[PDB]
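First comes the structure, then the notes that go with it.
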Amino acid sequence: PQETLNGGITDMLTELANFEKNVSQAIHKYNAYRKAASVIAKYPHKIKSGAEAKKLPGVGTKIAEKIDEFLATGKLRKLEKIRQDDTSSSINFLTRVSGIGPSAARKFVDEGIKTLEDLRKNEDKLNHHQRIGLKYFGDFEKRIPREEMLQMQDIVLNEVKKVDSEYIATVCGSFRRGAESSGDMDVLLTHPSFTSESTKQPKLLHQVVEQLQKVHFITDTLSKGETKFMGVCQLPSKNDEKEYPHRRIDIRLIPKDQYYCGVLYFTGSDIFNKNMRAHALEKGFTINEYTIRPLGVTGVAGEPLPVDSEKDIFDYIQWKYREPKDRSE
DNA sequence: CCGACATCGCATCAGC
DNA sequence: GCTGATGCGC
DNA sequence: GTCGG
Ligand code: NA
Ligand code: NA
């Protein structure tokens with residue numbers, strides 16, 4: 001639905017959401033505001049009163065009240081006062097840098113560091129991760145067009161298979177659901193040799209990251225363990241042509257017997273996972289990001305049910321398989 | 001009235 | 001040195 | 001902030 005409808009209200013709730021997250025350090029109020037802004041963005045009617053909105057799930061007395069003030073005046077006093085607020089606006093801004101959460105941003109603004117320029121001058125006060133977020137402050141705020149993601153995908157699948165023909169790599173996320181653009185690339189990886197009660201051969205994941213660094217696809221590392229890599233990557237530029245911006249890429253090494261449970265979860269969407277959790281249980285099963293287990297008559301979950309594909313999970317809960325395209329909810 | 005709210009691997013801080 | 005707590009992005 | 005036991 002057109003943003004014009006209640007865009008003024010959704011933006012108001014989102015702005016409030018970021019302040020709770022970055023300044024007040026109130027994550028729950030953050031999600032509360034986002035949930036509200038979200039359900040309000042879906043409502044196919046121009047809201048005329050807070051009471052109308054209050055009907056919607058996620059909108060309570062306070063937000064219905066704020067919505068009223070906004071409709072009557074065109075803005076919100078508490079919000080106007082927050083924007084003109086020196087520290088709060090500096091603190092909010094600083095968190096846009098990957099690596100700087102509410103706490104670091106709170107600390108920088110304290111000692112006088114308020115701008116991207118202040119950070120660029122205090123490089124040794126920033127950890128490895130934060131210097132990379134600074135270095136790509138702009139790039140990290142851009143989105144990734146699908147075609148770009150495909151090019152990016154071709155390279156991941158090609159290099160993984162080059163390291164070992166048994167690796168299985170699946171680019172999940174909104175991408176797998178067919179989305180037109182993305183903010184990042186989440187690649188789930190697995191190898192037959194890696195199972196829940198097996199070895200992690202601390203190189204299955206290393207050998208892959210290392211391979212992607214060799215062909216110069218991965219350009220920076222934010223964090224890397226035996227099962228989770230988080231870094232930056234970039235597509236090869238087409239000779240003397242605006243080189244592609246640096247992109248965020250995560251790689252997960254999951255056990256083969258939990259691999260598909262992993263692919264299901266990271267493909268989502270977030271709504272779709274809730275309908276399955278909800279459904280799965282009524283059918284007598286418990287579904288987490290790792291496994292699917294039967295629930296005895298006393299509520300006692302049993303051993304993890306075997307899974308060799310995504311469909312297997314759907315079959316356990318009396319639900320027909322659904323392509324990642326129809327998993328928007 | 002008052003607790004839940006989604007999740008967890010990894011880097012790094014705090015403390016012994 | 002080590003382990004646990006915290007911060008972070010997801 | 002919202003929902004709900
Ligand atoms: Na409501
Ligand atoms: Na940040």
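Below, read A as the first sequence line, B as the second, and so on, with proteins coming before strands; counting in each chain starts at 1. These values consider heavy atoms only, across backbone and side chains, with no hydrogens, waters or symmetry-generated copies.
In the model, A:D85 has a side-chain atom that pairs as donor or acceptor with a side-chain atom of A:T87 under 3.5 Å. Side chains of A:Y259 and A:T170: a donor on one and an acceptor on the other come within 3.5 Å. In this model, a donor atom of one side chain and an acceptor atom of the other lie less than 3.5 Å apart for A:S38 and A:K42. Side-chain N/O atoms of A:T115 and A:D118 include a donor and acceptor closer than 3.5 Å.
Below 30°, between 30° and 60°, or above 60°: for A:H191 and A:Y167 the angle between ring planes is above 60°, a perpendicular geometry.
Mapping A:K224 and A:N31 onto DNA chain B by nearest heavy atom places A:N31 at the nucleotide closer to the 5' end.
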Where do N or O atoms of nucleotides 13-15 of chain B meet protein N or O atoms at under 3.5 Å, pair by pair?
none

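Counting to the nearest Å, the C1' atom of B:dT7 and the CD atom of A:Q258 are 14 Å from each other. Counting to the nearest Å, the P atom of D:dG1 and the NE2 atom of A:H28 are 14 Å from each other. B:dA6 atom P lies 10 Å from atom CG of A:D270, rounded to whole Å. When rounded to the nearest whole Å, the span between CD1 of A:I251 and P of B:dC8 equals 21 Å. Spacing between atom CZ of A:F266 and atom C1' of B:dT7 amounts to 8 Å, rounded to whole angstrom units. Atom CD1 of A:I40 is separated from atom P of D:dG1 by 15 Å (rounded to the nearest Å). The distance between atom NZ of A:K54 and atom P of D:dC3, rounded to the nearest whole Å, is 6 Å. Following rounding to the nearest Å, A:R34 (CZ) and D:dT2 (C1') show an atom-to-atom distance of 16 Å.
Comparing B:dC8, D:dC3, D:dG1 by their nearest atom to the side chain of A:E289 picks out B:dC8. In this structure, the nucleotide among B:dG9, B:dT12, B:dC10 sitting nearest to the side chain of A:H128 is B:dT12.
Base contact: A:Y265 has a heavy atom under 4.0 Å from a base atom. Using a 4.0 Å heavy-atom cutoff across all strands shown, A:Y290 reaches sugar-phosphate atoms only and no base atom. Across all strands shown, A:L13 has no heavy atoms under 4.0 Å from either base or sugar-phosphate atoms.
For the pair A:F140/A:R96, no side-chain contact is recorded, criterion being any heavy-atom separation below 4.5 Å from C-beta on.
Of the P atoms belonging to D:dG1 and B:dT7, the separation is 23 Å, rounded to the nearest Å. B:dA6 and C:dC8 have their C1' atoms separated by 15 Å, given to the nearest Å. The gap from the P atom of B:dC5 to that of C:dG9 amounts to 22 Å, rounded to the nearest Å.
With a positive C1'-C2'-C3'-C4' torsion, the sugar ring of C:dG1 falls in the north range.
Contact check, A:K66 against D:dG1: a side-chain N or O comes under 4.0 Å of OP1 or OP2.
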Exercise for review: Scan nucleotides 2-10 of chain C nucleotide by nucleotide, 5' to 3', and note B when protein non-hydrogen atoms come under 4.0 Å of the base, S if they reach only the sugar-phosphate, - if neither.
Suggested key: -----SSBS

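In the hydrophobic clustering of ILVMFWY residues, with side-chain heavy atoms under 4.5 Å counting as a link, A:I218 and A:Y136 come out apart.
Atom CD of A:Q151 is surrounded by more than 12 heavy atoms from other residues, nucleotides or ligands within 6.0 Å.
The stretch residues 261-272 of chain A participates, sequence neighbours left out, in these side chain to side chain donor-acceptor pair (under 3.5 Å) pairs: A:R176-A:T267.
Remark: D:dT2 base-pairs with B:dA4; criterion is Watson-Crick or G-U wobble with both hydrogen-bond distances under 3.5 Å.
Between A:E15 and the options A:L76, A:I82, A:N92, A:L79, a side-chain contact (heavy atoms from CB on, under 4.5 Å) holds for only A:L79.
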